[PDB]
Structure formats: C-alpha cells, structure tokens
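Counting starts at 1 for both ligands and their atoms, following the listed order. In what follows, chains carry the letters A, B, and so on, assigned in the order in which the sequence lines appear, proteins first and then strands, with residues in each chain numbered from 1.
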Amino acid sequence: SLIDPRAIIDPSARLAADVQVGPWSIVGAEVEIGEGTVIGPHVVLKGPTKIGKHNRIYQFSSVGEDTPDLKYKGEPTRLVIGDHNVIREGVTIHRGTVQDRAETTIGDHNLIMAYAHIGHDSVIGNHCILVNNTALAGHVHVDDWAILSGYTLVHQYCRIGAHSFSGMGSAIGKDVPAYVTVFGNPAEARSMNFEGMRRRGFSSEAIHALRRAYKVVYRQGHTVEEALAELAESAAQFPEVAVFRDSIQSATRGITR
Amino acid sequence: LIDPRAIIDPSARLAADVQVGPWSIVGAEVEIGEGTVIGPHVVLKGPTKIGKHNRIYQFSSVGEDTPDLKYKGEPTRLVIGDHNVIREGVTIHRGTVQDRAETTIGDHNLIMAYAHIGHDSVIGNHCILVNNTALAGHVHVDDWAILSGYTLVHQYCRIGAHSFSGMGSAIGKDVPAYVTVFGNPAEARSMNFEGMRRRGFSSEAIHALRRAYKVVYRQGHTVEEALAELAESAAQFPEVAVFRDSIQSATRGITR
Amino acid sequence: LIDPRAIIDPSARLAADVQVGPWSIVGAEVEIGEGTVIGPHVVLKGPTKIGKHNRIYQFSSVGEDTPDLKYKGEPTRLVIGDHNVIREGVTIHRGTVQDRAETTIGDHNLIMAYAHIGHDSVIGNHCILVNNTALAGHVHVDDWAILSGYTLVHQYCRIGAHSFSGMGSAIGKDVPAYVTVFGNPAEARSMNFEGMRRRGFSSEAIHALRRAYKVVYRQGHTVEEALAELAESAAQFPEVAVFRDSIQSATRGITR
Ligand SMILES: CCCCCCC[C@@H](O)CC(=O)O[C@H]1[C@H](O)[C@@H](CO)O[C@H](OP(=O)(O)OP(=O)(O)OC[C@H]2O[C@@H](n3ccc(=O)[nH]c3=O)[C@H](O)[C@@H]2O)[C@@H]1NC(C)=O
Ligand SMILES: CCCCCCC[C@@H](O)CC(=O)O[C@H]1[C@H](O)[C@@H](CO)O[C@H](OP(=O)(O)OP(=O)(O)OC[C@H]2O[C@@H](n3ccc(=O)[nH]c3=O)[C@H](O)[C@@H]2O)[C@@H]1NC(C)=O
C-alpha cells in the first residue's frame, strides 16, 4: 500500500488519494492530508490540522501537537500547512491558542530543517528557509523568502521581514525589517541581504533604492517616525521600499538596530 | 491503557491508570506512578522512579546512561516526582557513581522540547526549562526558576529560586535567586520582578529584593560584606534570606 | 539479534553479530560491520558503510540526504569507521557531487545527542562532539578535537587536531590544532594544555607549543612571518609541525 500497515490512521482522518504514510507513524483525529504528500516513518501528526499538497515530512517530527504554553487549555485550536513544503527530521510544529489567533499557519514552498521549532500562533509565509534548530517562540510572523540560519532564536511576537537574513546562532529579540541581515546574540543589524536580492533577480534600481532606505533608517539619526516620513517618497516609487517601510511601521517590539 | 505495541519489561512496575502509548519502551527497573501518561515512541530506561500524574512526550529518552565511549553500567538512578510535563525529545540521564549516583526532578516542572538534563542534576519544583535548555551535569535548579530557550548551563552551577535566563544564555557561574541573566557569557541584569508579581510577592518584599541587588552588585562591596549588610533585611524578609543564602552558598563565584 | 519488528532492506549487508533493535530501518545499500549495535527507532539510509563495534542510539537519522537545495538525488556516500558512539537524535547526512560525494567519520568518536554532521564533512579519530554540536557542511575535524555543547561550525571550516571549543561557540574560521576557542563569534584563548597532558605529550613538546602560540598570536607577526619563525621547532617537534601545518592549510583565515 501507499499507507504502510504499521501506521496508525484515525478513522476521522482524511487522506487524499496518493498520500504515502511510512511505518510506525500516527495520523491522528481531524488531520487532513492533501494529494501527493509523503509522510515518513516515525511521524506524529495530531489535529485539528490541515496539510496541503506535495508536502514532505520526515521522521521524528511532531506536527500539530498542543503548545506547552500554560494558557492553552485543550481548546480545539488549529494548524494549517500549505503546499510544497519540506519538513525535515524531528521538527516540532504546535497549534494555536484562543488567546491569539487559534491557528498556526505555514504557507507554501518552505524548507524547514532538522529540529526547528514553530511555536503556537506562528505565521510563516512562503519560500522561507528555517535552517537546523531555528526556533520561533510563539506569535512569530515570518514573511516570504526570509532565511534563518542554524540555531537562530526568535523571541515571541517578533516579525521577521520578507527577504531578510539571519546569521547562525542569532538571538532575535526585535523585529527584523524586510531585506535586513542580522547576526549575533543579541542580534544586530548589519546590512541588507544583497545576496538574496540577487538570487531572486531584483532589479538594480530597486537595490539602489533599498540601499538608500537603509541609511534613512539606520545611519542618519532619526527617530523611527522621522524615518518613515523620509521614506514616503521612495516607498511611493518603489514597491520594494514600501515593503521595507511597512515592515518598520508594523513593528511592535521595535526594530533590530 | 497500555498499548500492546509497547514493550514493558517484566521487572517494570506500573501503577493503576498508567497509560503507555505505542512503540514505547519501559525497561527493567522502571517504576511508574499513578495517572502518569507516557507517549508513543518514548524510551524509559532504569533504574528509575517516576511519580504520579506525569506526562512524557514522544521521542524522549528518560533514564539513559550518561554518554561515554565506555559502557560502564552502574546502578545509578533517576527520580522524578509528580505533575511534571516532559515534552518532545527531552533527554534525561541518570546519575554517576562518582557523584550523587542520582539525577533528581521534583514536582510541577515543565520541560520543553529537546531540553537536556545531565547526570547528577537536581531540579526542584515549579521550574520551567524552555526548548533546548541544556544542563551539563551536577546542575542544581531551585524552585520557580525559568530558563529561556537554548539556555546552556555549565557543570556544577546553581540556578537560584525564582531566577530567569534570557534566550540563548550561556551560564558559567551560579545565578543567585531572583536574578535575571542574559547573554553568552551570561551577565546579571536585574531581578525577576515579572516573576515576583505573577507569584504574589508583597510590594514590601519586592522593594527589599530590589535594594538587596544593589548591595551585592552595585556598591563595590566584598561578599563577606554584602552579606553582613544583608543580615538585617534577611531577618525581616524570608525572600531576602533566600537571596542572601544563594549568594553565601556560591562556592565558585556568582554571575555578575 | 535482529529484532523482528525492525525493517531490513534485502539489499543491506550485515555482519554476523550485528544487533538491530525494534522499529529500526536499515535501508537499501547500507552495510554494517561486525559487532555494531543499532538501537531501537534508528533510521539508516544509504549508500552507507558502517564499520565495527559502533553504537547508534535511538531517534538517529544516519545516512539521510542533505536538504541542501543543490543536492539532487545523486548517490553520494557516507563512511563510518569503528568504535564510534552515536547518541540520541543524531543526524548524519551523506555527501554531495559538488564536493567529495562522501561524508566520512573515522574511529573512536563520541557523538552526543542531537549533534549534526552535515554533508561532506570529514571527522578523524578520537573526537568528541558534545550535545547539539553542528557541523554545517564541508567541515573537517581533525583527531582528538573536542567541541563542547552547542558548538556551531560554519561550512568549509577546519577544526584542528587536539583543539577545544567552549560551549555555545560559533566558529567561522579555521581553528588551528591545540587551540582553545570560546564565544560568538569564537575567539582564540590559549592552548588545550589539558589535552596535551591527557595525551602523554612531553613537557618539552608542551613548552614548544606554548612558545608556538605566542609566535602566532602575541607578537604582532603576519601569518607568513609566523610560519617562517616556526620552521625550526616544527623540524625539531612533530607536535609543532601539526600546529604549523594547520595554520598553513588555513586557506581562509585562522580564528583569532
Ligand atoms: C526562541 C526560544 C526557543 C523556543 C521556545 C519555544 C517555546 C514555546 O513553544 C512555548 C512557550 O514558552 O510559551 C510562551 C508564550 O509564547 C508566551 C507568549 O504568549 O507566553 C509565555 O511565556 P512568557 O510567560 O514568558 O511570555 P510573555 O511574553 O508574556 O512574557 C513577558 C516578558 O517577561 C519576561 N519574563 C517572563 C517571565 C518571568 O518570570 N520573567 C520575565 O522576565 C519574558 O521574557 C517576556 O519578555 C509562554 N510560556 C509559558 C511557560 O507559558
Ligand atoms: C552550523 C549549525 C547549523 C546547521 C546547518 C546544517 C544544514 C545543512 O545540512 C543543509 C544546508 O544548509 O546546506 C547548505 C550548504 O551547507 C551550503 C554549502 O553548500 O550551501 C547552501 O547554503 P547557502 O547557499 O546558504 O550556503 P553558501 O555557502 O552557498 O552561502 C553563501 C553565503 O551567502 C550568505 N547568504 C545566503 C543566502 C542569502 O539569502 N543571503 C546570504 O547572505 C551565506 O551566509 C553565505 O555566507 C546549502 N543551503 C541550502 C539551503 O541549500
């Protein structure tokens, strides 16, 4: 079979047609799995959870477990995972809490490496890479294309901007703006992620605008509001700069300087 | 209650209402108390005593031998109390013959995914060890302390009651009670006022703790001096007494 | 010896006294040598060669494909020697065609829980990787090196023989032989005199190495100047020659 007979499938679970589930894995009550998704051996899936299409989940992962957050109380919170995602060895993904969104969400095309953690109520976009042991504490929003190097730690409620980059062992306590590169414990702003922008084919005009934007924010001594005003123009001209400006505007715990 | 795909050793002892999920191993000389819930894919090894109403999650290794190229299999122990939560992939090692010969965990502790509790460590009650917190060995964690994600604790260190580490802290020296530490290497920052409030500490006790911080950290005093200077406040406030005592017992220095 | 709940692919090759615990998978093209003990809940994938008298603990993934977006299904290898101990949850990945197409590990290595050995890394002999030590890829670790818990090693770096890293070190450049490093980012501190004594080095060799360290790290020389200055004691002392050679081979920077 596509479904190993040593696996355990709750009667209430709903598996699309070509789903593979390896030996000694558990697909629990109210778990929904979508077409082309391959579940490895030794995998614990718990619900209520919805996993889309063409995903890949490796051994020793715990996807859809209750958060150990002391506030959570057995409520029927959820987890939503999209399509084309890779979940590697021993990754842990917890479901949401009623105190927030009552949902934890992961989009599409994400690569989530071994022993990474995705805490309750987290929101991961698309095309993100979480390298080994990257941990998102809770209520963490990671926007499209971000890359978090191994053992990057993200404090609860922090937002990780689109196309951003973290060096290995970074400890992020504040919001990381879109395109920014951070390193260290505590994490510190270094520059922008030009390598990402290039691997992605951003235009030279956008890069140049991104580069001036950085200065306005980090190098000219403005308070954040002074900064946001000065970017109005370029944010009106360049969408890339608007994403940047927006990411700074939505910061609740401040920005990583 | 006890899944037939699990392997229960004949010398293992299970109290009533114990559950054991599939493909778990409850080895020789493991004793499990009443109400305890063990997940699937758990390895319990002994000699080990687990109390009541505990919950242990999948991929955990509880009661394993401390690593070594050597296969020295002494009868050292692990003792775990009641109402503890042990999450995914937690490693907990038994003690060493040279030392206490026992690793000890109290009650109402929360030990999050992939934390490690090294041989001969002692955890009290109401402690939280957030993800990937690692206790090297011979570590003593007193009541209500909180170690944030990826906190590393060097061997022989004492983590004081009600203390707090920020995420990714590397602790190489005793953390006095109530103290908050950050960084690698870890440094003292302030007192855990957030914790003290959540636990209903009196405003009087909190101000006295705040003042005691300065006596130890910001007035240039020696310790024999700080402690002499603390003696009176300690007598009035049992909370200050815990603090003073944590500092007095700091044999190989305090995190400054 | 081979538990009937384990899964052994027809193509695997196992030595006579190989033990395999329950719920382990020995996949296609895996070879296991005499006296090796595979625990329960182990995933082994190939092509992989495992030598003799090894110990692989539970929840380990040995011989998986690297998640490197560059790897594309090719049949790269992993070779592991003898007398190794691989603890709980260790991940070891096979090589890439972009490099050596092989991940390699020698003999007498102690690889502790949740450590990661990335694609194309090479490990020598008598090394100790403490809990959650992670080699990113294309890392070379030379004999007798000790990496303390949560040591991160950046891809392409070389860890020299008898070197030591403090816990939570983040290593981005090569670490010369014998050198001790600490912190994030990692920095050189002194020489692993423990290791030298522990390993029967003569007091004459030790003084020369101590002298060698001063030459490279304390006198304001350039690497080339420093290398030249060492030639003599390198000729006289093979221990020093290991030190000089590690610095020489430091293509892209030594840790300072
Ligand atoms: C990235 C590191 C490694 C990954 C760790 C992953 C952990 C999560 O899966 C689970 C988790 O820890 O949930 C917590 C939840 O994400 C948070 C917000 O909802 O709330 C809880 O943590 P905490 O109580 O610390 O959260 P707050 O954000 O409210 O804390 C306020 C601030 O005071 C600090 N604090 C907290 C307690 C204290 O005693 N002293 C403090 O200083 C704390 O650092 C924080 O900065 C929750 N804790 C508990 C035990 O319930
Ligand atoms: C140390 C503890 C952490 C655990 C790490 C273990 C992970 C590995 O098993 C898997 C892995 O990460 O493989 C990568 C492979 O080790 C590398 C070399 O071949 O190459 C690839 O990674 P990456 O492309 O990031 O590494 P490079 O060596 O090519 O990096 C180039 C430089 O660009 C930087 N960079 C990268 C991406 C970006 O968006 N912005 C950047 O600045 C990066 O920091 C680095 O300095 C591979 N990446 C991917 C996602 O495929």
Student: Give the minimum heavy-atom separation between A:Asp100 and A:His139, together with the two atoms involved.
Tutor: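 Heavy atoms of A:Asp100 and A:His139 come nearest at OD2-ND1, 3.0 Å.
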Student: Taking atom types as modelled, is there a side-chain donor on A:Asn110 or A:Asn85 under 3.5 Å from an acceptor on the other?
Tutor: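 Result is yes, a qualifying pair exists.
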Student: Less than 3.5 Å apart, any donor N or O on the side chain of C:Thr96 or C:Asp120 sitting next to an acceptor on the other?
Tutor: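 Yes, C:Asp120 and C:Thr96 have a side-chain donor paired with an acceptor closer than 3.5 Å.
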Student: Determine the interplanar angle of the B:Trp144 and B:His126 rings, folded into 0 to 90°, and report it as parallel if under 30°, tilted if 30 to 60°, perpendicular if over 60°.
Tutor: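 Because their plane-to-plane angle is under 30°, the rings of B:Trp144 and B:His126 count as parallel.
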Student: Of the non-hydrogen atoms in B:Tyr114 and A:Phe60, which two are nearest, and what is the gap between them?
Tutor: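 Minimum heavy-atom separation between B:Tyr114 and A:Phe60: OH-O, 3.9 Å.
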Student: For a quick check: using heavy atoms under 4.0 Å, what are the residues in contact with ligand 2, sorted by chain and number?
Tutor: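 Contacting ligand 2 under 4.0 Å are A:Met113, A:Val131, A:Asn132, A:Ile147, A:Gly150, A:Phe165, A:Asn193, A:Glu195, A:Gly196, A:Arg199, A:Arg200, C:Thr66, C:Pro67, C:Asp68, C:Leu69, C:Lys70, C:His93, C:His116, C:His119, C:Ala134, C:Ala136, C:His138, C:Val153, C:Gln155, C:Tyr156.
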Student: Report, as yes or no, whether the 6.0 Å neighbourhood of atom CZ on A:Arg211 holds more than 12 heavy atoms from other residues, nucleotides or ligands.
Tutor: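 Count not over threshold, so no.
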